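Cβ placement follows ideal geometry from the backbone for every residue including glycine, while neighbour counts extend to all protein chains displayed. Read-outs: derived from the displayed coordinates by stated rules, not from any lab.
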Amino acid sequence: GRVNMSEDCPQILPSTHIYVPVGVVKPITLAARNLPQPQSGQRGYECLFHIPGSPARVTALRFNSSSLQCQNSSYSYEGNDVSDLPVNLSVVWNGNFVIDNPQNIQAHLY
Amino acid sequence: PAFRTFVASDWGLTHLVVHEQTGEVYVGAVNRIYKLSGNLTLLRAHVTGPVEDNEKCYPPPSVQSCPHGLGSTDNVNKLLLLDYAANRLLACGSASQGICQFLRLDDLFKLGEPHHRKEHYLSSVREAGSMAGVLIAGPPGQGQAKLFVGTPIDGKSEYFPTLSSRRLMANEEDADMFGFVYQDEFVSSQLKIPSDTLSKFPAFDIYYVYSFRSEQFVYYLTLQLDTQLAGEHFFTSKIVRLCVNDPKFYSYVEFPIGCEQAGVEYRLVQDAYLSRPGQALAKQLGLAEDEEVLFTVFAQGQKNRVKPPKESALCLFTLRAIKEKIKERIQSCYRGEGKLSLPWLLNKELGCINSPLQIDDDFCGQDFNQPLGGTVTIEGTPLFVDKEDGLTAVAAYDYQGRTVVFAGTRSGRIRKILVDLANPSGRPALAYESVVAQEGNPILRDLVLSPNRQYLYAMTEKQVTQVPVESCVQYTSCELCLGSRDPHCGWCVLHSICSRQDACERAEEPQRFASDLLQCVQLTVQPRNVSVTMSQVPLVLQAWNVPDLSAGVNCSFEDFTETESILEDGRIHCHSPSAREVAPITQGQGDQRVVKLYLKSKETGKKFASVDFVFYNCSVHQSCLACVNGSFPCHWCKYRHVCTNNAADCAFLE
Ligand SMILES: *[C@@H]1O[C@H](CO)[C@@H](O[C@@H]2O[C@H](CO)[C@@H](O[C@@H]3O[C@H](CO[C@H]4O[C@H](CO)[C@@H](O)[C@H](O[C@H]5O[C@H](CO)[C@@H](O)[C@H](O)[C@@H]5O)[C@@H]4O)[C@@H](O)[C@H](O[C@H]4O[C@H](CO)[C@@H](O)[C@H](O)[C@@H]4O)[C@@H]3O)[C@H](O)[C@H]2NC(C)=O)[C@H](O)[C@H]1NC(C)=O
Ligand SMILES: *[C@@H]1O[C@H](CO)[C@@H](O[C@@H]2O[C@H](CO)[C@@H](O[C@@H]3O[C@H](CO[C@H]4O[C@H](CO)[C@@H](O)[C@H](O)[C@@H]4O)[C@@H](O)[C@H](O[C@H]4O[C@H](CO)[C@@H](O)[C@H](O)[C@@H]4O)[C@@H]3O)[C@H](O)[C@H]2NC(C)=O)[C@H](O)[C@H]1NC(C)=O
Ligand SMILES: *[C@@H]1O[C@H](CO)[C@@H](O[C@@H]2O[C@H](CO)[C@@H](O[C@@H]3O[C@H](CO[C@H]4O[C@H](CO)[C@@H](O)[C@H](O[C@H]5O[C@H](CO)[C@@H](O)[C@H](O)[C@@H]5O)[C@@H]4O)[C@@H](O)[C@H](O)[C@@H]3O)[C@H](O)[C@H]2NC(C)=O)[C@H](O)[C@H]1NC(C)=O
Ligand SMILES: *[C@@H]1O[C@H](CO)[C@@H](O[C@@H]2O[C@H](CO)[C@@H](O[C@@H]3O[C@H](CO)[C@@H](O)[C@H](O[C@H]4O[C@H](CO)[C@@H](O)[C@H](O)[C@@H]4O)[C@@H]3O)[C@H](O)[C@H]2NC(C)=O)[C@H](O)[C@H]1NC(C)=O
Ligand SMILES: *[C@@H]1O[C@H](CO)[C@@H](O[C@@H]2O[C@H](CO)[C@@H](O[C@@H]3O[C@H](CO)[C@@H](O)[C@H](O[C@H]4O[C@H](CO)[C@@H](O)[C@H](O)[C@@H]4O)[C@@H]3O)[C@H](O)[C@H]2NC(C)=O)[C@H](O)[C@H]1NC(C)=O
Ligand SMILES: *[C@@H]1O[C@H](CO)[C@@H](O[C@@H]2O[C@H](CO)[C@@H](O[C@@H]3O[C@H](CO)[C@@H](O)[C@H](O)[C@@H]3O)[C@H](O)[C@H]2NC(C)=O)[C@H](O)[C@H]1NC(C)=O
Ligand SMILES: *[C@@H]1O[C@H](CO)[C@@H](O[C@@H]2O[C@H](CO)[C@@H](O)[C@H](O)[C@H]2NC(C)=O)[C@H](O)[C@H]1NC(C)=O
Ligand SMILES: *[C@@H]1O[C@H](CO)[C@@H](O)[C@H](O)[C@H]1NC(C)=O
């Protein structure tokens, strides 16, 4: 679990844009690198969506060191003012450990 | 001495296993999996437990949402298997539809825990030990490591297979784990419970007790339900087998197994243990060196698998004899005779297809006459029967030929049995019994000898206990040493201790080590009785069953004095102590003092052989009656009115 090289860091890699319609049950598959196996007394993964209106906490599954997925859920924002809203997402495990997001990958709620 | 022990601080224990290289002991428990040293010190503790979950939920909450309410439940270690090849431990739990864990061998680091796919789920069943299996491997690049594993199903016929042949990839993170060896839309390397058989008999289920790899196969001792024995539940204990190289699963065989003792039926397996017999039992059971044997434990009748009877019997099966019963049964169905006869699997009875074949022990099954059952129930050779305290577990081993058997009890006791049916004796005799959790914590099936085979780790609900196979040093005397009979023990004459052949220095030499009670040190002194008034008396010593003492010997009357002796013929000549030395002893004890005259060997410097030696005092008698009509040679002087050994010390003649 020692990181000495910058390329070996826990980070989320981008895919072609994350499209999310409001009020539709969807899974959100992610790719990444060197995702840790949670150890003794350590919980699993969650996706946290930073929507000013409503912030959603959805638990996820780490399939291997290189892929994640938040589970079937629907999302919304209260306004009807902007069609395309990009949202900061943070991928957490064991409650508060936020994985690094270099490209600052966002979820588009349309 | 004290028994080395590991206590279960909070929860119950379920499984134990020993690493053949290190002697590290791994211990499966509810919510915990421990690594322990050879002497049972805690080395590492893994939390596997209390998980928020629900048994009714398919794929567990991690993968899909379940409408059933969740609660913090306990995760029971169902299984534990050492994968030496991939430097790890397969630590299969429950309470997640039975997801399996991989812990690294030397530190318990979770390498992987696959739970996305449906194969990564093993069974809902929350019961400990109702599961078993074996790990089998080939070299990297070749046909990879496989796991054969049986489990109960709880009626979830379509979710899980009871018996399966599954893949073990080198990457624990690899998704391919616990996938079947060969999957087809027609036939997969698995065996499911048919839905029709669950509709007919409501809660039929297969509970897997023990399992082992032998030569090229894989056996399982199982418990099943009433299917030709809706009503009530009555169980039938059976043997199962497969070829290791049979992806199609056509080799499946299933014979009922038990044994009878004076018209009393024993049909419920509690444990088993595959072993060797060593030169002794092998010869008079008629076997070749590498021929295997199966010790077992059965309870009386076919009632209450959940809580069996006290009445229990340790039986025996030679694998050559079970191999012949299976070969005999197959060369029979390939004569076209009768049906396959396997109730729970095939509800409508398909018939035996005749065909010309070379029926061998190498036969791995064919397309037609398929998976098949057994008619003639295989009877075992009984050995020992407990009636007041139920046997629970068993192990065995080869020691210098003689075959030692270990037997757990409901009380928390271990029996150390020499099996002597093939040996000279009338029937196999108990040698010794020992205590672990005396209060009445039962011993569990997982009972493993160490790698050096010096100890035997004995597990309870609540504690692991290092019970030595050999601990002859508890024996104080040649007469008790060789009297216990537990075959590791001999009297190392010159060291005056009881222990094994390899532990007694120079044992190989003549008379230095005693193995039959008749070899015991036996000693005699010619002048048994010597008066206090005498000094430096010559005594002759006859001793038999003693090694060459040309090394030198001293006589020590006790830890008081020590006189040098010289050797002639088959006799030892030494002297009594001086009057100056003798009286310091006899002062206080009056009439006489019986004293244990030892021999102290020059080579060892330890007292080994003893005799009753009497120091008598005449003078202290103060009356004629005490003097003469006592027990000793003493003379009374009428006139001086004194008692003495010398006639001349008397007043005068008359
Ligand atoms: C074999 O067994 C004999 C007899 O049992 C042992 O000989 C005894 O030795 C002990 C010494 O440790 C004596 O005990 C002490 O006695 C003295 C006083 O002794 C006087 O009284 C005697 C009793 O009637 C009497 O026999 C004595 O006379 C003898 O001596 C003269 C001279 O040698 C001789 O000529 C006679 O023929 C007698 O032999 C004598 O008058 C006393 O001081 C001690 O008592 C003190 O200590 C005790 C305990 O602490 C305490 O309770 C008292 O209060 C007091 O303070 C002590 O008792 C004993 O007298 C001897 N027995 C005899 C019959 O004489 C001896 O152990 C063995 N023999 C050998 C050769 O080893
Ligand atoms: C780490 O773990 C991750 C995630 O668990 C793995 O990523 C997965 O990779 C697999 C490839 O093995 C991907 O599987 C593919 O899925 C396609 C399904 O898409 C359909 O889905 C639904 C339901 O079926 C349809 O309604 C919808 O219309 C889609 O069409 C399949 O079509 C693919 O099958 C094809 O390829 C295979 C293998 O070559 C062939 O056998 C088939 O015939 C077919 O041609 C394929 O199975 C999967 O998408 C990824 N998972 C996720 C969640 O997205 C990684 O593999 C793993 N990484 C490492 C390094 O181990
Ligand atoms: C005290 O210690 C002495 C050790 O010397 C013990 O004495 C031995 O006692 C047993 C019986 O208790 C005797 O065994 C018997 O032997 C009988 C034959 O006896 C003749 O042969 C003897 C040996 O060859 C010989 O000693 C003996 O002569 C004796 O008697 C003479 C006449 O009285 C006397 O002048 C001598 O000095 C001598 O003492 C005989 O000719 C046999 O018939 C019996 O069936 C039995 O086997 C031993 O012989 C005794 N040993 C000796 C050397 O005399 C004694 O038991 C101890 N005392 C106690 C109370 O325990
Ligand atoms: C873990 O288990 C191991 C064994 O599985 C154990 O370590 C061993 O301890 C024994 C003694 O219990 C040691 O054996 C000694 O060997 C030396 C020779 O190098 C002898 O000098 C010793 O003799 C002494 O003890 C005798 C019996 O008590 C006396 O009669 C004699 O006078 C001596 O004083 C003795 O035979 C041995 O050193 C190790 N074994 C190995 C392989 O090193 C230990 O109990 C456990 N350790 C832990 C940390 O849990
Ligand atoms: C077998 O028997 C022989 C002969 O019977 C015996 O030989 C004895 O050896 C010891 C030495 O170990 C001798 O004792 C010594 O004598 C001198 C006087 O000459 C004393 O000053 C010494 O005593 C001191 O040391 C003692 C022990 O530490 C103390 O208790 C004491 O206070 C003194 O400081 C010294 O030990 C002894 O003389 C002979 N015995 C006779 C009868 O002469 C030997 O024990 C045995 N042989 C073997 C190889 O074991
Ligand atoms: C959504 O995420 C974006 C991007 O992460 C947030 O906007 C910006 O966040 C960055 C942090 O990377 C802030 O940059 C900071 O700049 C100062 C310059 O003095 C520097 O010292 C810091 O080290 C840091 O890099 C930046 O302030 C911030 N932008 C604004 C306008 O405040 C954004 O906050 C997120 N959206 C929501 C709604 O929270
Ligand atoms: C003295 O020795 C004699 C003879 O050995 C003992 O005689 C015993 O006398 C009783 C009668 O009271 C008999 O019933 C026993 O059978 C006799 N015993 C033996 C061995 O012959 C007597 O006990 C001794 N007396 C004393 C005071 O020591
Ligand atoms: C929810 O996700 C699962 C797994 O990806 C999928 O089988 C199912 O189609 C999804 N359900 C809905 C309603 O979108």
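So how many residues does the stretch A:64-110 have that are over 22 Å from A:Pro21 (Cβ atoms), hydrophobic (A, V, I, L, M, F, W, C) and crowded, with 17+ Cβ neighbours inside 10 Å?
3
Do we find a residue being within 29 Å of B:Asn629 (Cβ to Cβ), away from every other protein chain (no Cβ under 14 Å) and either more than 16 Å from ligand 8 (Cβ to nearest atom) or outside any loop (DSSP other than H, G, I, E, B) (or both) anywhere in the stretch B:596-604?
The answer is yes, given that some residue of the stretch B:596-604 is within 29 Å of B:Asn629 (Cβ to Cβ), away from every other protein chain (no Cβ under 14 Å) and either more than 16 Å from ligand 8 (Cβ to nearest atom) or outside any loop (DSSP other than H, G, I, E, B) (or both).
Give me the pairs: first residue in the stretch B:624-650 and under 17 Å from B:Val532 (Cβ atoms), second residue within 16 Å of ligand 6 (Cβ to nearest atom), beta-carbon distance under 6 Å, and six or more apart or on different chains, which are they?
Once the first residue is under 17 Å from B:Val532 (Cβ atoms) and sits in the stretch B:624-650, no partner that is within 16 Å of ligand 6 (Cβ to nearest atom) comes close enough.
Which ones in the stretch A:21-57 are away from ligand 6 (no atom under 16 Å from the Cβ) and not in a loop (DSSP other than H, G, I, E, B)?
Within the stretch A:21-57, A:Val22, A:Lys26, A:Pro27, A:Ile28, A:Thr29, A:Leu30, A:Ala31, A:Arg33, A:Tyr45, A:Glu46, A:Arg57 meet the criteria.
Mind listing just one residue for me: the one in the stretch B:112-152 that is basic (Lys, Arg) and within 20 Å of A:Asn64 (Cβ to Cβ) and, of those, farthest from ligand 2 (Cβ to nearest atom)?
The extreme case among them is B:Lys118.
Only one of these is in contact with a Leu (Cβ under 8 Å, 6 or more places away or on another chain) and surrounded by fewer than 16 Cβ atoms within 10 Å (Cβ to Cβ): B:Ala230, B:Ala203. Name it.
Testing whether each residue is in contact with a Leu (Cβ under 8 Å, 6 or more places away or on another chain) and surrounded by fewer than 16 Cβ atoms within 10 Å (Cβ to Cβ) leaves just B:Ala203.
Hey, any hits in the stretch B:111-118 for a residue that's away from ligand 1 (no atom under 16 Å from the Cβ), within 14 Å of chain A (Cβ to nearest Cβ), over 27 Å from the mean Cα position of the chain (by Cα) and more than 19 Å from B:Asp53 (Cβ to Cβ)?
yes
Using the structure shown, decide if B:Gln183 is in a loop (DSSP other than H, G, I, E, B) and over 24 Å from B:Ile33 (Cα atoms).
Here the answer is yes, as B:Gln183 does meet what is asked.
Can you pull out every residue in the stretch B:293-314 that is surrounded by fewer than 19 Cβ atoms within 10 Å (Cβ to Cβ) and in a loop (DSSP other than H, G, I, E, B)?
B:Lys303, B:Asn304, B:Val306, B:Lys307, B:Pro309, B:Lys310
Would a scan of the stretch B:622-635 turn up a residue that is part of a strand (DSSP E or B) and surrounded by fewer than 18 Cβ atoms within 10 Å (Cβ to Cβ)?
Yes; the residues of the stretch B:622-635 include at least one that is part of a strand (DSSP E or B) and surrounded by fewer than 18 Cβ atoms within 10 Å (Cβ to Cβ).
Within the bounds of the stretch B:609-621, is there any residue that is in a loop (DSSP other than H, G, I, E, B) and within 14 Å of ligand 1 (Cβ to nearest atom)?
yes
Scan the stretch A:74-106 residue by residue and report those that are under 25 Å from B:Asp174 (Cα atoms), in a strand (DSSP E or B) and more than 16 Å from ligand 2 (Cβ to nearest atom).
Correct list: A:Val92, A:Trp93, A:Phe97, A:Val98, A:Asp100.
I'd like to check something: does the stretch B:310-333 contain any residue that is over 22 Å from B:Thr222 (Cα atoms) and aromatic (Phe, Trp, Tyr)?
Looking through the stretch B:310-333, none of the residues is over 22 Å from B:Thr222 (Cα atoms) and aromatic (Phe, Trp, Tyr).
Could you tell me how many of the residues in the stretch B:74-108 are under 33 Å from the mean Cα position of the chain (by Cα), crowded, with 21+ Cβ neighbours inside 10 Å and among the hydroxyl-bearing types (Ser, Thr, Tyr)?
1
Answer yes or no as to whether B:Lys78 is under 30 Å from B:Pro139 (Cβ atoms) and out of contact with any helix residue (DSSP H, G or I) (no Cβ under 9 Å at 6 or more places or on another chain).
The answer is yes for B:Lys78.
Quick one: A:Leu85 ticks every box in (1) more than 14 Å from the chain's Cα centre (by Cα); (2) within 14 Å of chain B (Cβ to nearest Cβ); (3) not small (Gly, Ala, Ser) except a single one, so which number is it?
(2)
Among the residues of the stretch A:58-73, is any assigned to a strand (DSSP E or B) and away from chain B (no Cβ under 14 Å)?
For the stretch A:58-73, residues assigned to a strand (DSSP E or B) and away from chain B (no Cβ under 14 Å): absent.
Collect the residues in the stretch B:541-560 that are more than 16 Å from B:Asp612 (Cβ to Cβ), more than 42 Å from the chain's Cα centre (by Cα) and away from ligand 5 (no atom under 13 Å from the Cβ), keeping them in residue-number order.
B:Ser550
Restricting to the stretch B:59-73, count the residues that are more than 10 Å from every other protein chain (Cβ to nearest Cβ), crowded, with 16+ Cβ neighbours inside 10 Å and in a loop (DSSP other than H, G, I, E, B).
The number of residues fulfilling the criteria is 2.
Enumerate the pairs (first residue in the stretch A:17-30 and within 14 Å of another protein chain (Cβ to nearest Cβ) and closer than 18 Å to A:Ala60 by Cβ; second residue anywhere and within 16 Å of ligand 3 (Cβ to nearest atom) and of a type in the set (A, V, I, L, M)) with beta-carbon separation below 8 Å, excluding pairs fewer than 6 apart on the same chain, so at least 6 apart or on different chains.
none
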